[PDB]
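Structure file structure.tsv (TSV, N, CA and C atoms and all ligand atoms) follows.
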```tsv
chain	number	residue	atom	x	y	z
A	1	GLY	N	-14.30	10.77	-4.77
A	1	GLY	CA	-14.87	9.42	-4.64
A	1	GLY	C	-13.75	8.44	-4.53
A	2	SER	N	-13.62	7.84	-3.32
A	2	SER	CA	-12.61	6.87	-2.97
A	2	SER	C	-11.22	7.40	-3.26
A	3	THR	N	-10.92	8.62	-2.74
A	3	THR	CA	-9.68	9.37	-2.88
A	3	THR	C	-9.57	9.95	-4.27
A	4	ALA	N	-9.68	9.09	-5.31
A	4	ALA	CA	-9.62	9.47	-6.69
A	4	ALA	C	-10.88	10.20	-7.06
A	5	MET	N	-10.88	10.85	-8.24
A	5	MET	CA	-12.02	11.58	-8.70
A	5	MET	C	-12.93	10.59	-9.38
A	6	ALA	N	-13.61	9.79	-8.52
A	6	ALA	CA	-14.57	8.76	-8.85
A	6	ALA	C	-14.07	7.75	-9.87
A	7	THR	N	-12.77	7.38	-9.72
A	7	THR	CA	-12.03	6.45	-10.53
A	7	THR	C	-12.03	6.71	-12.02
A	8	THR	N	-12.00	8.01	-12.40
A	8	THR	CA	-11.98	8.48	-13.76
A	8	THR	C	-10.70	8.10	-14.47
A	9	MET	N	-9.55	8.18	-13.76
A	9	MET	CA	-8.23	7.94	-14.30
A	9	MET	C	-8.04	6.56	-14.90
A	10	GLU	N	-8.52	5.49	-14.22
A	10	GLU	CA	-8.45	4.11	-14.69
A	10	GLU	C	-7.06	3.61	-15.06
A	11	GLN	N	-6.01	4.00	-14.31
A	11	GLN	CA	-4.68	3.52	-14.63
A	11	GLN	C	-4.16	2.54	-13.60
A	12	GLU	N	-5.09	1.92	-12.82
A	12	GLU	CA	-4.80	0.97	-11.77
A	12	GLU	C	-3.85	1.48	-10.72
A	13	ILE	N	-4.24	2.61	-10.08
A	13	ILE	CA	-3.44	3.20	-9.03
A	13	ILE	C	-4.06	2.95	-7.68
A	14	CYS	N	-3.24	2.36	-6.79
A	14	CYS	CA	-3.59	2.04	-5.43
A	14	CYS	C	-2.31	1.77	-4.69
A	15	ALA	N	-2.43	1.67	-3.35
A	15	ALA	CA	-1.37	1.39	-2.43
A	15	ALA	C	-0.78	0.03	-2.73
A	16	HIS	N	-1.63	-0.97	-3.08
A	16	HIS	CA	-1.15	-2.28	-3.39
A	16	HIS	C	-0.92	-2.35	-4.88
A	17	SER	N	-1.99	-2.44	-5.72
A	17	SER	CA	-1.81	-2.52	-7.15
A	17	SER	C	-2.97	-2.07	-7.99
A	18	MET	N	-4.21	-2.41	-7.56
A	18	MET	CA	-5.43	-2.14	-8.29
A	18	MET	C	-5.97	-0.74	-8.20
A	19	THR	N	-7.17	-0.53	-8.80
A	19	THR	CA	-7.86	0.74	-8.84
A	19	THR	C	-8.42	1.10	-7.48
A	20	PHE	N	-8.77	2.39	-7.29
A	20	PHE	CA	-9.35	2.86	-6.05
A	20	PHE	C	-10.68	2.22	-5.73
A	21	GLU	N	-11.41	1.71	-6.76
A	21	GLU	CA	-12.66	1.00	-6.58
A	21	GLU	C	-12.37	-0.26	-5.78
A	22	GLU	N	-11.24	-0.94	-6.13
A	22	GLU	CA	-10.79	-2.16	-5.51
A	22	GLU	C	-9.78	-1.90	-4.42
A	23	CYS	N	-9.57	-0.61	-4.03
A	23	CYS	CA	-8.62	-0.22	-3.00
A	23	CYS	C	-8.94	-0.86	-1.67
A	24	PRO	N	-10.22	-0.95	-1.17
A	24	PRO	CA	-10.50	-1.62	0.09
A	24	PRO	C	-10.09	-3.07	0.05
A	25	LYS	N	-10.29	-3.75	-1.11
A	25	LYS	CA	-9.93	-5.13	-1.31
A	25	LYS	C	-8.43	-5.29	-1.20
A	26	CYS	N	-7.67	-4.37	-1.85
A	26	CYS	CA	-6.23	-4.35	-1.87
A	26	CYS	C	-5.69	-4.17	-0.48
A	27	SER	N	-6.32	-3.26	0.29
A	27	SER	CA	-5.95	-2.97	1.64
A	27	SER	C	-6.14	-4.17	2.50
A	28	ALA	N	-7.28	-4.87	2.35
A	28	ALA	CA	-7.61	-6.05	3.10
A	28	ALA	C	-6.66	-7.18	2.81
A	29	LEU	N	-6.27	-7.33	1.53
A	29	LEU	CA	-5.40	-8.39	1.07
A	29	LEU	C	-4.04	-8.38	1.70
A	30	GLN	N	-3.33	-7.22	1.67
A	30	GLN	CA	-1.99	-7.18	2.21
A	30	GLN	C	-1.91	-6.62	3.60
A	31	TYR	N	-2.87	-5.75	4.00
A	31	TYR	CA	-2.94	-5.08	5.28
A	31	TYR	C	-1.94	-3.95	5.43
A	32	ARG	N	-0.63	-4.19	5.18
A	32	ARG	CA	0.41	-3.19	5.30
A	32	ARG	C	0.16	-2.07	4.32
A	33	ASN	N	0.25	-2.38	3.00
A	33	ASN	CA	0.00	-1.47	1.91
A	33	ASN	C	0.66	-0.12	2.00
A	34	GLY	N	1.96	-0.10	2.39
A	34	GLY	CA	2.68	1.15	2.52
A	34	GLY	C	2.28	1.91	3.75
A	35	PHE	N	1.71	1.18	4.74
A	35	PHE	CA	1.23	1.66	6.01
A	35	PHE	C	0.19	2.74	5.87
A	36	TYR	N	-0.72	2.55	4.89
A	36	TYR	CA	-1.85	3.39	4.58
A	36	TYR	C	-2.75	3.44	5.79
A	37	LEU	N	-3.02	2.25	6.39
A	37	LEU	CA	-3.85	2.13	7.56
A	37	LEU	C	-2.89	2.16	8.70
A	38	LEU	N	-3.00	3.23	9.52
A	38	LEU	CA	-2.20	3.49	10.69
A	38	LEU	C	-2.40	2.47	11.77
A	39	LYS	N	-3.67	2.00	11.91
A	39	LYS	CA	-4.12	1.05	12.90
A	39	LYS	C	-3.44	-0.30	12.84
A	40	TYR	N	-2.91	-0.69	11.66
A	40	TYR	CA	-2.21	-1.93	11.42
A	40	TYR	C	-0.98	-2.06	12.29
A	41	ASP	N	-0.20	-0.96	12.41
A	41	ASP	CA	1.03	-0.95	13.17
A	41	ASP	C	0.76	-1.11	14.64
A	42	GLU	N	1.60	-1.95	15.28
A	42	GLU	CA	1.56	-2.28	16.69
A	42	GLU	C	1.81	-1.07	17.56
A	43	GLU	N	2.80	-0.23	17.17
A	43	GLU	CA	3.16	0.97	17.89
A	43	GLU	C	2.31	2.15	17.46
A	44	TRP	N	1.40	1.93	16.48
A	44	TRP	CA	0.49	2.87	15.85
A	44	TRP	C	1.24	3.75	14.89
A	45	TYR	N	2.43	4.28	15.28
A	45	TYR	CA	3.26	5.13	14.46
A	45	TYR	C	4.16	4.21	13.65
A	46	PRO	N	3.90	4.08	12.32
A	46	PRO	CA	4.67	3.25	11.42
A	46	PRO	C	5.93	3.93	10.95
A	47	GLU	N	6.86	3.13	10.37
A	47	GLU	CA	8.09	3.63	9.82
A	47	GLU	C	7.77	4.50	8.64
A	48	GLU	N	6.81	4.07	7.78
A	48	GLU	CA	6.41	4.83	6.63
A	48	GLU	C	5.05	5.40	6.91
A	49	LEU	N	5.04	6.70	7.26
A	49	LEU	CA	3.83	7.44	7.55
A	49	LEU	C	2.99	7.69	6.35
A	50	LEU	N	3.66	8.02	5.22
A	50	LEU	CA	3.04	8.36	3.98
A	50	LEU	C	2.30	7.24	3.32
A	51	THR	N	1.20	7.63	2.65
A	51	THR	CA	0.35	6.74	1.90
A	51	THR	C	1.16	6.35	0.70
A	52	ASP	N	1.17	5.03	0.40
A	52	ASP	CA	1.90	4.48	-0.71
A	52	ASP	C	1.29	4.98	-1.99
A	53	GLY	N	2.18	5.42	-2.91
A	53	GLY	CA	1.82	5.93	-4.20
A	53	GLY	C	2.21	4.85	-5.16
A	54	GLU	N	3.38	5.02	-5.82
A	54	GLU	CA	3.85	4.02	-6.74
A	54	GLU	C	5.12	3.46	-6.18
A	55	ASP	N	4.98	2.25	-5.57
A	55	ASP	CA	6.03	1.46	-4.97
A	55	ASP	C	6.85	2.25	-3.97
A	56	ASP	N	6.17	3.10	-3.16
A	56	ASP	CA	6.82	3.91	-2.17
A	56	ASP	C	7.46	3.09	-1.08
A	57	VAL	N	6.73	2.04	-0.62
A	57	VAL	CA	7.20	1.16	0.42
A	57	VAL	C	8.28	0.25	-0.11
A	58	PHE	N	9.23	-0.09	0.79
A	58	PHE	CA	10.38	-0.93	0.57
A	58	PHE	C	11.19	-0.47	-0.62
A	59	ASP	N	11.44	0.86	-0.67
A	59	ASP	CA	12.21	1.49	-1.71
A	59	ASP	C	13.63	0.93	-1.72
A	60	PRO	N	14.35	0.76	-0.55
A	60	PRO	CA	15.67	0.17	-0.54
A	60	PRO	C	15.54	-1.29	-0.88
A	61	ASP	N	16.58	-1.87	-1.53
A	61	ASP	CA	16.56	-3.26	-1.93
A	61	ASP	C	16.57	-4.17	-0.73
A	62	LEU	N	15.63	-5.15	-0.74
A	62	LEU	CA	15.52	-6.11	0.32
A	62	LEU	C	15.82	-7.46	-0.26
A	63	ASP	N	15.09	-7.82	-1.35
A	63	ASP	CA	15.21	-9.08	-2.02
A	63	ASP	C	15.48	-8.83	-3.47
A	64	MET	N	16.23	-9.77	-4.10
A	64	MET	CA	16.59	-9.75	-5.49
A	64	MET	C	15.36	-9.85	-6.36
A	65	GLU	N	14.41	-10.73	-5.97
A	65	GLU	CA	13.19	-10.92	-6.70
A	65	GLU	C	12.25	-9.87	-6.19
A	66	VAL	N	11.66	-9.11	-7.14
A	66	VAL	CA	10.76	-8.06	-6.76
A	66	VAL	C	9.37	-8.60	-6.85
A	67	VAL	N	8.78	-8.75	-5.66
A	67	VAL	CA	7.43	-9.21	-5.44
A	67	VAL	C	6.92	-8.10	-4.55
A	68	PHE	N	5.72	-7.56	-4.84
A	68	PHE	CA	5.17	-6.49	-4.04
A	68	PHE	C	4.91	-7.00	-2.64
A	69	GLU	N	4.35	-8.23	-2.50
A	69	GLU	CA	4.12	-8.73	-1.17
A	69	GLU	C	5.30	-9.57	-0.81
A	70	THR	N	6.21	-8.95	-0.04
A	70	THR	CA	7.41	-9.57	0.44
A	70	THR	C	7.47	-9.21	1.90
A	71	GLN	N	7.89	-10.19	2.73
A	71	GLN	CA	8.02	-9.99	4.14
A	71	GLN	C	9.53	-10.02	4.40
U	101	ZN	ZN	-4.66	0.65	-1.58
```

Please express the file's structure as structure tokens.
Amino acid sequence: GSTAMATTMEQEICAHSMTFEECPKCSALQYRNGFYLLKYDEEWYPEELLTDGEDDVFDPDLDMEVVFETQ
């Protein structure tokens, strides 16, 4: 159920930040979300193919301030 086992875990795990129940909301909010949705990318094939787990995207340092939604 929604990737997770019907959100039994309850540890707020998602591509963005929230639970799998709120995963569609999270996906809608940022769109990129570790390039979970392939369709988002212009070339279709994104740099990060893998579904974001725990801060998988932007692993190398980009900005000093760590904000999940950073462009
Ligand atoms: Zn997500």

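For the pair atom N of residue 2 of chain A and atom N of residue 20 of chain A, the interatomic distance is 8.3 Å.
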
Report as a ChimeraX atom specification which protein, DNA and RNA residues come within 12 Å of ligand ZN 101 (chain U), using only C-alpha atoms and all ligand atoms. /A:2-4,12-37,51-56

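Reported to one decimal place, the separation of atom C of residue 42 of chain A from atom C of residue 1 of chain A is 28.6 Å.
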
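Pairwise distance (atom N of residue 57 of chain A, atom N of residue 9 of chain A) equals 21.8 Å.
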
Name the residues in contact with residue 70 of chain A at a cut-off of 10 Å, using only C-alpha atoms, excluding same-chain residues fewer than 5 positions from it; report them as a list in words. residues 30, 58, 62, 63 and 65 of chain A

Check the DSSP output for the backbone and give back, as JSON, numbers by chain, the residues of chain A in helix (DSSP H, G or I). {"A": [20, 21, 22, 23, 24, 25, 26, 27, 28, 29, 30, 38, 39, 40]}

Where's the centre, and what are the edge lengths in Å to one decimal, of a box along x, y and z enclosing all listed atoms of segment 4-22 of chain A padded 3 Å per side, as lines of an AutoDock Vina configuration file?
```
center_x = -7.7
center_y = 4.5
center_z = -8.7
size_x = 19.8
size_y = 20.1
size_z = 18.6
```

Just checking: using only C-alpha atoms, which residue out of A:50, A:69, A:7, A:64 ends up closest to residue 38 of chain A? A:50

Restore N, CA, C and O atoms in segment 40-64 of chain A and list the result as an mmCIF file, in the coordinates of the input.
```
data_model
loop_
_atom_site.group_PDB
_atom_site.id
_atom_site.type_symbol
_atom_site.label_atom_id
_atom_site.label_comp_id
_atom_site.auth_asym_id
_atom_site.auth_seq_id
_atom_site.Cartn_x
_atom_site.Cartn_y
_atom_site.Cartn_z
ATOM 1 N N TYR A 40 -2.910 -0.690 11.660
ATOM 2 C CA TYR A 40 -2.210 -1.930 11.420
ATOM 3 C C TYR A 40 -0.980 -2.060 12.290
ATOM 4 O O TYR A 40 -0.748 -3.120 12.875
ATOM 5 N N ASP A 41 -0.200 -0.960 12.410
ATOM 6 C CA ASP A 41 1.030 -0.950 13.170
ATOM 7 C C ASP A 41 0.760 -1.110 14.640
ATOM 8 O O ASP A 41 -0.153 -0.510 15.209
ATOM 9 N N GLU A 42 1.600 -1.950 15.280
ATOM 10 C CA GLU A 42 1.560 -2.280 16.690
ATOM 11 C C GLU A 42 1.810 -1.070 17.560
ATOM 12 O O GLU A 42 1.123 -0.878 18.555
ATOM 13 N N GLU A 43 2.800 -0.230 17.170
ATOM 14 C CA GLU A 43 3.160 0.970 17.890
ATOM 15 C C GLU A 43 2.310 2.150 17.460
ATOM 16 O O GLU A 43 2.446 3.238 18.023
ATOM 17 N N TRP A 44 1.400 1.930 16.480
ATOM 18 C CA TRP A 44 0.490 2.870 15.850
ATOM 19 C C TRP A 44 1.240 3.750 14.890
ATOM 20 O O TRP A 44 0.742 3.986 13.792
ATOM 21 N N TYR A 45 2.430 4.280 15.280
ATOM 22 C CA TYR A 45 3.260 5.130 14.460
ATOM 23 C C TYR A 45 4.160 4.210 13.650
ATOM 24 O O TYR A 45 5.071 3.593 14.205
ATOM 25 N N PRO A 46 3.900 4.080 12.320
ATOM 26 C CA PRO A 46 4.670 3.250 11.420
ATOM 27 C C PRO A 46 5.930 3.930 10.950
ATOM 28 O O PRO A 46 6.060 5.144 11.104
ATOM 29 N N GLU A 47 6.860 3.130 10.370
ATOM 30 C CA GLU A 47 8.090 3.630 9.820
ATOM 31 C C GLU A 47 7.770 4.500 8.640
ATOM 32 O O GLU A 47 8.358 5.580 8.503
ATOM 33 N N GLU A 48 6.810 4.070 7.780
ATOM 34 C CA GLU A 48 6.410 4.830 6.630
ATOM 35 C C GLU A 48 5.050 5.400 6.910
ATOM 36 O O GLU A 48 4.037 4.703 6.883
ATOM 37 N N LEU A 49 5.040 6.700 7.260
ATOM 38 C CA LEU A 49 3.830 7.440 7.550
ATOM 39 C C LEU A 49 2.990 7.690 6.350
ATOM 40 O O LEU A 49 1.764 7.580 6.401
ATOM 41 N N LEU A 50 3.660 8.020 5.220
ATOM 42 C CA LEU A 50 3.040 8.360 3.980
ATOM 43 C C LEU A 50 2.300 7.240 3.320
ATOM 44 O O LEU A 50 2.676 6.070 3.423
ATOM 45 N N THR A 51 1.200 7.630 2.650
ATOM 46 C CA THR A 51 0.350 6.740 1.900
ATOM 47 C C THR A 51 1.160 6.350 0.700
ATOM 48 O O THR A 51 1.801 7.188 0.057
ATOM 49 N N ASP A 52 1.170 5.030 0.400
ATOM 50 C CA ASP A 52 1.900 4.480 -0.710
ATOM 51 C C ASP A 52 1.290 4.980 -1.990
ATOM 52 O O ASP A 52 0.070 4.998 -2.152
ATOM 53 N N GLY A 53 2.180 5.420 -2.910
ATOM 54 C CA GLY A 53 1.820 5.930 -4.200
ATOM 55 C C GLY A 53 2.210 4.850 -5.160
ATOM 56 O O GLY A 53 1.468 3.888 -5.331
ATOM 57 N N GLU A 54 3.380 5.020 -5.820
ATOM 58 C CA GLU A 54 3.850 4.020 -6.740
ATOM 59 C C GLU A 54 5.120 3.460 -6.180
ATOM 60 O O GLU A 54 6.179 4.080 -6.255
ATOM 61 N N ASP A 55 4.980 2.250 -5.570
ATOM 62 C CA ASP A 55 6.030 1.460 -4.970
ATOM 63 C C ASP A 55 6.850 2.250 -3.970
ATOM 64 O O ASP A 55 8.074 2.129 -3.920
ATOM 65 N N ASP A 56 6.170 3.100 -3.160
ATOM 66 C CA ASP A 56 6.820 3.910 -2.170
ATOM 67 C C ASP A 56 7.460 3.090 -1.080
ATOM 68 O O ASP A 56 8.590 3.357 -0.682
ATOM 69 N N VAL A 57 6.730 2.040 -0.620
ATOM 70 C CA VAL A 57 7.200 1.160 0.420
ATOM 71 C C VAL A 57 8.280 0.250 -0.110
ATOM 72 O O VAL A 57 8.293 -0.125 -1.291
ATOM 73 N N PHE A 58 9.230 -0.090 0.790
ATOM 74 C CA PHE A 58 10.380 -0.930 0.570
ATOM 75 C C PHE A 58 11.190 -0.470 -0.620
ATOM 76 O O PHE A 58 11.581 -1.256 -1.483
ATOM 77 N N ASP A 59 11.440 0.860 -0.670
ATOM 78 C CA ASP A 59 12.210 1.490 -1.710
ATOM 79 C C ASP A 59 13.630 0.930 -1.720
ATOM 80 O O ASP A 59 14.103 0.607 -2.810
ATOM 81 N N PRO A 60 14.350 0.760 -0.550
ATOM 82 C CA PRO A 60 15.670 0.170 -0.540
ATOM 83 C C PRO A 60 15.540 -1.290 -0.880
ATOM 84 O O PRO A 60 14.519 -1.900 -0.552
ATOM 85 N N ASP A 61 16.580 -1.870 -1.530
ATOM 86 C CA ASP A 61 16.560 -3.260 -1.930
ATOM 87 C C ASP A 61 16.570 -4.170 -0.730
ATOM 88 O O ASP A 61 17.347 -3.991 0.212
ATOM 89 N N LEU A 62 15.630 -5.150 -0.740
ATOM 90 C CA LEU A 62 15.520 -6.110 0.320
ATOM 91 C C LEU A 62 15.820 -7.460 -0.260
ATOM 92 O O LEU A 62 16.697 -8.167 0.230
ATOM 93 N N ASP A 63 15.090 -7.820 -1.350
ATOM 94 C CA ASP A 63 15.210 -9.080 -2.020
ATOM 95 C C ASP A 63 15.480 -8.830 -3.470
ATOM 96 O O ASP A 63 15.075 -7.806 -4.033
ATOM 97 N N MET A 64 16.230 -9.770 -4.100
ATOM 98 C CA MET A 64 16.590 -9.750 -5.490
ATOM 99 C C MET A 64 15.360 -9.850 -6.360
ATOM 100 O O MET A 64 15.202 -9.060 -7.295
#
```
